[PDB]
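First up is the structure itself, then whatever we jot down about it.
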Amino acid sequence: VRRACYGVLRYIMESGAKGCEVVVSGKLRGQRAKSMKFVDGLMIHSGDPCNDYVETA
Amino acid sequence: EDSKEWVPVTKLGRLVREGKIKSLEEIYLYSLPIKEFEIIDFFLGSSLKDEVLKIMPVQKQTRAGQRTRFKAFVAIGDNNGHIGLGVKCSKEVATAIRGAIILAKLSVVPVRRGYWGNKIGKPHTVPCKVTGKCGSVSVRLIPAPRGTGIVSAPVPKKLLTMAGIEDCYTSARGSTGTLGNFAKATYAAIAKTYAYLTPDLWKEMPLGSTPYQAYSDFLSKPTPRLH
Amino acid sequence: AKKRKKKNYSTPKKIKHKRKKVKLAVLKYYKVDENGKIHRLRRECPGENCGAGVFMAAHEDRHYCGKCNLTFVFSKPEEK
RNA sequence: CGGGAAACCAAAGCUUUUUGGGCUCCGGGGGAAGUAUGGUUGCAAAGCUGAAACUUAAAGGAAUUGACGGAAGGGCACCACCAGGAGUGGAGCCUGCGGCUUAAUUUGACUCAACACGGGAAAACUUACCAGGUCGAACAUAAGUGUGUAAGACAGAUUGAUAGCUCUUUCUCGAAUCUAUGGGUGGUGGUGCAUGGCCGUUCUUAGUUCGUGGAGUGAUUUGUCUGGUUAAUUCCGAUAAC
RNA sequence: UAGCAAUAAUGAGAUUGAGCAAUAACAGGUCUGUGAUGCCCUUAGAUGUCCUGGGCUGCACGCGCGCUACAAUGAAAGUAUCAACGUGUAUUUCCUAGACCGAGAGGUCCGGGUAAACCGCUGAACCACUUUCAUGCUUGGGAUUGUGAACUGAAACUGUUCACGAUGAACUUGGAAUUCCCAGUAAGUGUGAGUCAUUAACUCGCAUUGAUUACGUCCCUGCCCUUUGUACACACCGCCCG
Numbered sequence: 117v118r119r120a121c122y123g124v125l126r127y128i129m130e131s132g133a134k135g136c137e138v139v140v141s142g143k144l145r146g147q148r149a150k151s152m153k154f155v156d157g158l159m160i161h162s163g164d165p166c167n168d169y170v171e172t173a
Numbered sequence: 038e039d040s041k042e043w044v045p046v047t048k049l050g051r052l053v054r055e056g057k058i059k060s061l062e063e064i065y066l067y068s069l070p071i072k073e074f075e076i077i078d079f080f081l082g083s084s085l086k087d088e089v090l091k092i093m094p095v096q097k098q099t100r101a102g103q104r105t106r107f108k109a110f111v112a113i114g115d116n117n118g119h120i121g122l123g124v125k126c127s128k129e130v131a132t133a134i135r136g137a138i139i140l141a142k143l144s145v146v147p148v149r150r151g152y153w154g155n156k157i158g159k160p161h162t163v164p165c166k167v168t169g170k171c172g173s174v175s176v177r178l179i180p181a182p183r184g185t186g187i188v189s190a191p192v193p194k195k196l197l198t199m200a201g202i203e204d205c206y207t208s209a210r211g212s213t214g215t216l217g218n219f220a221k222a223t224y225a226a227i228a229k230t231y232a233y234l235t236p237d238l239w240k241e242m243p244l245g246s247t248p249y250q251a252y253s254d255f256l257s258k259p260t261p262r263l264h
Numbered sequence: 077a078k079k080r081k082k083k084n085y086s087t088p089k090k091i092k093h094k095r096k097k098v099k100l101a102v103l104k105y106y107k108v109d110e111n112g113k114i115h116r117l118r119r120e121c122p123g124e125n126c127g128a129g130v131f132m133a134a135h136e137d138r139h140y141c142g143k144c145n146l147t148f149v150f151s152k153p154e155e156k
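Protein chains in written order, with UniProt numbering: chain A, 117 to 173; chain B, 38 to 264; chain C, 77 to 156.
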């Protein structure tokens, strides 16, 4: 989760994206759940570009 | 193993890339800083092994409430007498390791090894008795005679095989249970090996060649020209 | 037994038998007269548009067919 | 060119690379305890001497980040006041919640951030509840003469109702599933302290992460600023990068 | 380098209200939003699925948001007359026209609108005028309550709602305390929509009437910024002493 999900981070940066973040949350069987954000780039989160530029699933 | 060759952003990194000098000790002779890490893995790096020491967490109290920077200690070394420590804290443990290797490849300092009472056969351990402090931990180094395998704790055991020294006796004053400040206290000693004025070095010398002024108007060009 | 969340064992204590059916020796001794006269045992529906060869036993005289499972109840004095 | 863990200090430095001018006093984890006891001094109060039993995995020093409170400073807001106005708290009823009650008052939520919520204005349904009361669901996937493995539906009975729910009387089911289940598919059953997603406040705000850097032994640290500037990390700036 | 006294100028100092909303997390809420879900649990003796009814509406009491009023600026019967947001039937069960039959609730028979077309100039409600009540706990107020007339739901009871006569409770403005707000805002008054077979005092909207009083400070209670103390760091709901 810290490497194979880290490999697909700039597997998509080859197209020329402005930035990508990947939030993977849950338990690592330390049953208290954790979450680390894989930030890389210049990402908006707000305003009209939030409806426009960013895309999430 | 470049695999993409990088531009020299500094001055003497271009001279390294120009082939103006093939002597790493020429940098050490005038004590000008190796500023970019791409310098020495051109001069060195042929399976020059490093190993991490110490990656224990370091926290900071915030409002909600405690976030961790993982600080790494990496130790790189030439077995013919060069050494380095890496000291870098990061967010997570991957870039803690890789970020300090650049710092490990920039703190690379030559090691003076020598003889004690018998000028026979590949200078072995240390020319004299040296020590160095950082934060209460002192480590004297004793020139042990031939075939007297390393007498130290495991933190400078793995560090002094990377230094080109045959064997050592050592006597470490201080709180050496802090496994990172132990490592940095050894280096102030080994950096003093080329700072002790032995009577081997009482002649005057050929004074140097001034690598700025000797290679001056071959840098009056404005181009970053390699070979 | 069984376990609910909050209230257990309201106690009719729940022995469930829909039909018993360790009983009911089937009426296969079918009266056939001497060949080729025949007899209808334990009278089924007189109009045989349904199959209804089910042979209900001698009850108190209210005899119900079984292919039509309780409809067409017939011996009988029925209605006008 | 010092030194130290630092705070810091022309000494607290010259305690090199276990160092060395000379002399004297004192300490050896924390307590029990400057107690007990003996001796000595004293008019007394008390002073100078001074243990152990037992107990203990830490006590402590200098610094760092948060905590941001009879800590001063500089600022902000009608979920804060001043100045106003309107309502609640009075009564009536509606509804929520607590309690009691009963078989159930299903139940989930309890300062803001639970409480006319769950978009829950519930006649059944919803509903998970209660009381009777049917009906078959998937890894023991079945050993067993289908005379039954699981229901549709007569009168007496029964039930909420001939409901064959069940039974007297007794036919009828279609192994195209009772497996006599591994403590299970399902389940509005358990745990949101296992969790995902969702949102909620946190948080009326202005805050936050960097890559390299002149800055620490180090946690960390002008970078993200004393402006005498703005809803605002907002700025002609001091500038100590962009 | 900010003479922000240029109110001017101007439909406009923004129409100015809103949607999105970083870093960091909470043991916030939901397993009873789901075929998101771990494991647990029980299913031939079902928690499921429901077969019927009851309950969630049980009431000596506490508490919460509300509705209606405590009237003569009003109340009462008439008489004048203006909305806006929108919703509107297709195994149809909706918006509704125009006749008929009804004290009314509601009944018969036909018509329009799948919608800027028809309701619909959506010609709504206080406010406007005239009379009746004289400020009597009175026709203020409509709690309570008997009987009839009805409606939808097969089926209507500590109730499913709706009118007609009758009853006319408390309340004469609400203690301590405590809310919401600076302009088309508060507050008054309606209407649409939500769930809806039937039932809105609820919330999501919308129009209409349209003030007072600031035009600001840090007292109150919070939130930021640093400087500063700390023996706190499950963080002052701390730690902690006899």
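Each residue gets a CB set at the ideal place from its N, CA and C atoms; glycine is no exception.
Three-state secondary structure assigned by DSSP to residue i
i, result
"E137 (chain A)", "coil"
"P248 (chain B)", "helix"
"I139 (chain B)", "helix"
"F150 (chain C)", "coil"
"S131 (chain A)", "helix"
"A173 (chain A)", "coil"
"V89 (chain B)", "strand"
"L81 (chain B)", "coil"
"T213 (chain B)", "coil"
"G123 (chain A)", "helix"
"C166 (chain A)", "helix"
"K41 (chain B)", "coil"
"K170 (chain B)", "strand"
"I120 (chain B)", "strand"
"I64 (chain B)", "helix"
"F219 (chain B)", "helix"
"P259 (chain B)", "coil"
"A133 (chain C)", "coil"
Beta-carbon separation (whole angstroms), residue i vs residue j, contact threshold 8 Å
i, j, result
"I202 (chain B)", "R150 (chain B)", "5 Å"
"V140 (chain A)", "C121 (chain A)", "6 Å"
"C205 (chain B)", "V145 (chain B)", "Not really, about 20 Å apart at Cβ, beyond 8 Å."
"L90 (chain B)", "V192 (chain B)", "7 Å"
"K57 (chain B)", "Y249 (chain B)", "With a Cβ gap of about 11 Å, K57 (chain B) and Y249 (chain B) do not count as contacting."
Best match in the options for proximity to residue i [C-alpha to C-alpha]
i, options, result
"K99 (chain C)", "C:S151, C:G129, C:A133 and C:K78", "C:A133"
"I128 (chain A)", "A:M152, A:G157 and A:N167", "A:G157"
"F79 (chain B)", "B:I139, B:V53, B:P259 and B:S257", "B:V53"
"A109 (chain B)", "B:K128, B:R100, B:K195 and B:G102", "B:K128"
"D137 (chain C)", "C:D109, C:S86 and C:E154", "C:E154"
"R118 (chain A)", "A:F154, A:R145, A:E171 and A:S162", "A:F154"
"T198 (chain B)", "B:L85, B:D39 and B:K57", "B:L85"
"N155 (chain B)", "B:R183, B:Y249, B:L238 and B:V44", "B:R183"
"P88 (chain C)", "C:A77, C:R95 and C:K81", "C:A77"
"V138 (chain A)", "A:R145, A:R126 and A:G132", "A:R126"
"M93 (chain B)", "B:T99, B:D87, B:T105 and B:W43", "B:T105"
Contact check, residue i vs residue j, beta carbons under 8 Å
i, j, result
"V111 (chain B)", "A137 (chain B)", "yes"
"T168 (chain B)", "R177 (chain B)", "yes"
"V174 (chain B)", "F107 (chain B)", "no"
"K170 (chain B)", "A222 (chain B)", "yes"
"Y233 (chain B)", "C165 (chain B)", "yes"
"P147 (chain B)", "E63 (chain B)", "no"
"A200 (chain B)", "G82 (chain B)", "no"
"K113 (chain C)", "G127 (chain C)", "no"
"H115 (chain C)", "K107 (chain C)", "yes"
request  = Assess, as a yes-or-no matter, whether the segment 198-214 of chain B is touched by the segment 234-247 of chain B under the definition of 3 or more beta carbon pairs within less than 8 Å.
outcome  = no
ask   = If you pair each beta-carbon of the segment 118-132 of chain B with each one of the segment 43-53 of chain B, do three or more pairs fall below 8 Å?
value = no
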